[PDB]
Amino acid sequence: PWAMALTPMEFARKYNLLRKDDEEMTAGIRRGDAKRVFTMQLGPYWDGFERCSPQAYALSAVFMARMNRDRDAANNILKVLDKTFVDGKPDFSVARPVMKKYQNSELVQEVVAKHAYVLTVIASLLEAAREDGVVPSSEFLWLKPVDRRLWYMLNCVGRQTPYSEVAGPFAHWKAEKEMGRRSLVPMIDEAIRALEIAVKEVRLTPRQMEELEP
């Protein structure tokens, strides 16, 4: 699917995070439940590119190539991935040579050092790749159906407020940047506060208030 991104309210309904609250027609949030949801969104620890999903691997390679000023290695990857998205199975393997050549470059090593999760490493690769050129989402539209999470994560790079579906890794990525080090302990509280704020802006119907537990 290409379903639209969930709003705060939809996300909160989708994961059972709404709770009665003892401001009319308002709900509260299940903090501990929301914490688990946002922790599940962080995804795996980075532990070598080799262990990333193919598409994370390939996109990493593209942004790595951008960081080391190799616009052509990058565009070659994006070109083949486009071509093969039409054919109906992408050839992520085209990324292996660029990876091999830049994974240990100085600039990439600095990024991998600072972030603990696949999603936060690749977010920072993309951010860094953007100091070369523009590298918009639209050059990798094909990602949305492969890795919905990754697509949303990469679409939040440059932005202020993430989609709820990636609020967890967005908040952690920001925390890692603020702390100056990688962090394996999830730092997702910010996603909780934002979910609370958003849910308290939306009025429910009496049916929806009545359907709610404490």
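In case it trips you up, residue 1 is the first one in the sequence shown, and so on.
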**Report entry** Unresolved deposited residues in the interval that joins residue 22 and residue 23
**Finding:** 4 to 9
Query raised in the report: Which is higher on average in the deposited entry, the C-alpha temperature factors of 116-124 or of 95-103?
Result: 95-103
Report task. State which stretch shows the higher mean Cα B factor in the entry: 166-174 or 39-47. Result -> 39-47
Report summary line: When the entry's CA B-factors for 157, 146, 34, 56 are compared, the highest one belongs to 146
**Report entry** Chain thirds of CA B-factor: placement of residue 194
**Finding:** lowest
Report summary line: Tertile call for residue 179 (CA temperature factor, within chain, third-based) is the middle
Requested in this report: Taking the values exactly as deposited, rank residue 73 by C-alpha B-factor within its chain and report the matching third: lowest, middle or highest.
Outcome: highest
Report task. Select lowest, middle or highest to describe the third in which the CA B-factor of residue 62 falls within its chain in this entry. Result -> lowest
**Report entry** residue 134, C-alpha B-factor rank within chain (lowest, middle or highest third)
**Finding:** highest
